[PDB]
C-alpha cells in the first residue's frame, strides 16, 4: 500500500487536533470556574436583620454554587487527565515506526478516538520491544504504546523486577528482566532506554524514576499507560542513539 | 523578585525547546540520509526462492518509511519555525505582553497553568498612527494577536505586512484601502522593526491583502500561507516607531 504513510499522517494530525480541542476546552472550563460567583452566601443571609424575609433564595444559591464548583472542579481534572493521555500518544506517535503505528491505532480504537473502518484488518497486538544490556546477559523490555505499557507493567513484570520511566514527562515503561539486583551499569542502560523513549529524547541529563514494578498502582478507570507510585529512586542519564542501537536485538 | 525571574525561566524554556528540536532535526535528517540504501533494492529489481518481486515489495515498504520520515522532518521544521517566532516575540516584549505570550504557550502545550495561577485576558493588537496622522496601523505583539488581527479583525481590501522569511509581528493598515507609498513605508517599518531584523538595514517585508492569507488546518498560532505578494525594503528607526505610538 502507498497510503500507509499518508494514513500515519492523518492519525498524527488527528491526535494533535484532539490535544488542541482539549486545551481550548480546559481554558474554557477554568475560565468558567473563575467567573463563578463565590459561594459564601452564609454572608448575604446570615443577615439577622429585620430591616419577605426572602433570604432563603440565597441560602439555596449557596448550596447550588458549592455543588457547581465541585462538579466543575471534577470536569477540569478529567480534561487534564485526557490531555496527559493524549500527550503520551503524541510522544509514542512521534518516535514510532509505521509498524508500531498500526498498534497505536488499535489503542486509539480501544480508547474511543478512532473507529475501525469498513472491512479493515485487525492488527495483532505485539509484545514489548526487547533489548540486551551492555553486560550481554540481561534482557530489558520497553513498551511501544500504552497497551504494551500496561501489559508489561501489570501482567508481565515479576516481583522484584525494576521499572523505569522518565520523571514527570510522557514516555515508555521500561522493565529489567530476570535480574533482581542489577549493576549500576545495567540500571543505567535501562534508565537510558526510558529517557530515550520519552519526550526528553534529545536533551541532556534526563531524570528517570526507578522503583519495583509491583509497587505501581493503576487507578480504577485510568487511561492506558497511566500509573501511580511513591518512594522511587531517581537517576540522571543522557541517552545516545548509538548506545540504544547497540542494545537493539 | 518573581515577575522578571518568571519572564526569565520562560525565556530559558523556549531556548531549551529550540535546542531540543534542532538536535532532533539533524538526527532525523541523518536517518533520512542513512535510508538511501533503498535505491540499491530498487535496482536489483529493476534489472530482472528468489523472485524479481521480492525486491519490488521490499522497496515499496522502504519507500513508505522514507515518506513517513519526510513527514516527520517537515513537522520538526515547523515546530522550530514556530518556537523561533516565540523567541522573537519574547525578546522584544514588555513584561505585560509576556503574560499573554505565556497564555499562547499554555495553548500550544508548552506550559501548564500552575496551581491557582490567574488567567490573563487576551489583549487587542497595538495601535499606531501613520505619518499622515489619520491612518491606524495595527501590530500583533504575539501569535494569538497575530491570528486575531489577520483572520478576525482584518477587513476586505486591508493590506498586511510581515518581514520576509523571518519571524515577526503581523501588521495591518486600518480603514485605508489605497494607502500612499508614505503609509506603506510606515507599515513595513513597523513590520521590520517588530521582527528578528530590528537592528539591521534594508529589511525586506512582504505586502499583500490580508484576505489572501490562508492558515493551514492544524497550523500553529501565527503561521500563514500566501503567494503573489509585493515586497518592500525599509530601514526601521526607533524614533520613527515611537513617534507613531499612540
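Since every read-out is calculated from the coordinates, none of them should be taken as a lab result. Don't worry about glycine lacking a Cβ; one is built from the backbone with ideal geometry, like all the others, and counts go over all protein chains shown.
Provide the packing ranking of A:100-106, A:32-38, i.e. peptides ordered by the mean count of other C-beta atoms within 10 Å per residue, highest first.
Details: A:100-106: 20.3, A:32-38: 11.0.
Top of the packing list down: A:100-106, A:32-38.
Quick one: compute the contact order of the range A:127-233, relative version, from alpha carbon pairs under 8 angstrom and 6+ residues apart, as a percent. Before the final figure, lay out each step's value.
On the way: 209 pairs, mean separation 30.0, N = 107.
With pairs under 8 Å counted, the relative contact order is 28 percent.
How far, in nm, would the chain grow between residue A:246 and residue A:52 when pulled straight, counting 0.36 nm per residue and subtracting the alpha carbon separation?
61.6 nm
So if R0 is 22 Å, what FRET efficiency would residue B:71 and residue B:22 give, r being the distance between their Cβ atoms, rounded to the nearest 0.05? Working shown, then result.
Details: r = 19 Å, r/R0 = 0.85.
Computed FRET efficiency for residue B:71 and residue B:22: 0.75.
Give me the one-decimal nm value for the distance between modelled label points at residue B:31 and residue A:214, 7 Å along each residue's Cα-to-Cβ direction.
My value for the distance between the label points is 3.7 nm.
Work out the mean other chain Cβ neighbour count within 10 Å for the residues of B:105-111 and drop it here as an integer. Let's see the in-between values first.
Values: counts 0, 4, 5, 3, 8, 0, 0.
Mean partner shielding for this stretch: 3.
May I ask for the distance between the Cα centers of the range B:144-216 and the range A:86-161, given as a whole number of Å?
47
Debye calculation, C-alpha points only, no solvent: report log10 I(q)/I(0) for the protein assembly as shown at q = 0.11, 0.14 Å⁻¹, in the same order as the q values.
-1.08, -1.36
Please say if the range A:1-126 is rounded, prolate or oblate, where rounded means a/c under 1.5 for a ≥ b ≥ c the square roots of the C-alpha gyration tensor eigenvalues, and otherwise the choice is prolate for a/b larger than b/c and oblate otherwise?
prolate
Let me know the mean shielding of B:62-68 by other chains, meaning the per-residue number of their Cβ atoms within 10 Å of its Cβ.
Numbers: counts 0, 3, 8, 6, 1, 7, 10.
Average neighbour count from other chains, rounded to a whole number: 5.
Please compute the average number of Cβ atoms from other chains found within 10 Å of each residue's Cβ in peptide B:113-120.
Values: counts 4, 0, 0, 1, 1, 2, 6, 0.
Taking all residues of B:113-120 together, the mean is 2.
Suppose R0 equals 35 Å; then what is the FRET efficiency for residue A:40 and residue B:119 from their Cβ-Cβ distance, rounded to the nearest 0.05?
Working: r = 22 Å, r/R0 = 0.62.
With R0 = 35 Å, the Cβ-Cβ based efficiency is 0.95.
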